[PDB]
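Just one chain is shown here, as structure tokens, and it is the form deposited in one PDB entry.
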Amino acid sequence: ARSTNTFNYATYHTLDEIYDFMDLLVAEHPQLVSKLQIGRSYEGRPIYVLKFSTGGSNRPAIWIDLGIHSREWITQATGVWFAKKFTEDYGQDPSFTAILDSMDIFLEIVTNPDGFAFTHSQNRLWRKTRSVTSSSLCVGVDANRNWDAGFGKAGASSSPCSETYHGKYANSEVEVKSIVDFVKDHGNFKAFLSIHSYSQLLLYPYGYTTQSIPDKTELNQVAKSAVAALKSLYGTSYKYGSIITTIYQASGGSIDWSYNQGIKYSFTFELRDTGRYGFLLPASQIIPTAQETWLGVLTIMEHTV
């Protein structure tokens, strides 16, 4: 509210509160955090990214996006906790301190602002963007099927009314193109993590093809380690593997795109739970979910540094 120290991390927040939170955090830690606007959503809402850095010029970076699918509230709530966590652990935790002393972390808490606002306003289970097409009465695109990676192939729908509609063409959604341009312009990202829910899974490329990535052995071992670390707090069990062998074929996914850009450490997290509550995860599970997930993310970060 008035300070990130009085902000209630154990409850779900609206878009305005999360945006106010960003300004508070930047005001409290000006030498570490800065807020960047990488674009504007379809409905004109600013798209913000928090940059955590201790200095340098274009240092190797880590990308983390959450809430690309709006109804997955546990992701945006985890993102807020993450932001605060970075500021409290720098200079306290030896490992995280070493990471921030050599690398920058870019965090996008609300990747799909329009959808998020909608879930609070009209439909709690809305997942797509809110772009309109004259071609249909239906609204929105599945932003995680809109990337240029096997775009339009099996694992996505060509129907505008579908929950998995991929869009008219790759990167048609400004919420996606804003990330694409930013990452390509930066040119020095080493890891790309996209957070979702639910299912308790840690996945790596690919989803659109059965082809195995040349870094499978390494990513599979990193995934195994991250899962072990995450489980150490509350015993939460995760499964890991490539997207297509673990779930099913899925085209136009973000990490398939990032990996094809040369970002080796591309992973997607599917948080709690396994179905008991699903997308409506109780607010009482926010902090413990965030705490365990942190352990997994840091593990991946340690391997990138």
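Sequential numbering from 1, following the sequence displayed.
Keep in mind the form deposited with a partner chain bound is missing from the figure; the text below concerns it.
Using the partner position in the bound PDB entry, report whether residue 124 sits within 4.5 Å of the partner chain, counting heavy atoms only.
Judged by the heavy-atom cut-off of 4.5 Å, residue 124 is in contact with the partner chain in the bound PDB entry.
Any chance residue 96 has a heavy atom within 4.5 Å of the partner chain in the bound PDB entry?
Looking in the bound PDB entry, residue contacts with the partner chain do not include residue 96, since no heavy atom lies within 4.5 Å.
Does the partner chain get within 4.5 angstroms of any non-hydrogen atom of residue 54 in the bound PDB entry?
Residue 54 lies outside the contact set for the partner chain.
Answer yes if any heavy atom of residue 304 is within 4.5 Å of a heavy atom of the partner chain in the bound PDB entry; otherwise answer no.
Taking the distances in the bound PDB entry, the answer for residue 304 is no, it never comes within 4.5 Å of the partner chain.
Report the stretch among 185-193, 100-108, 124-132, 171-179 that approaches the partner chain in the bound PDB entry to within 4.5 Å, counting heavy atoms only.
Contact-bearing stretch, as computed: 124-132.
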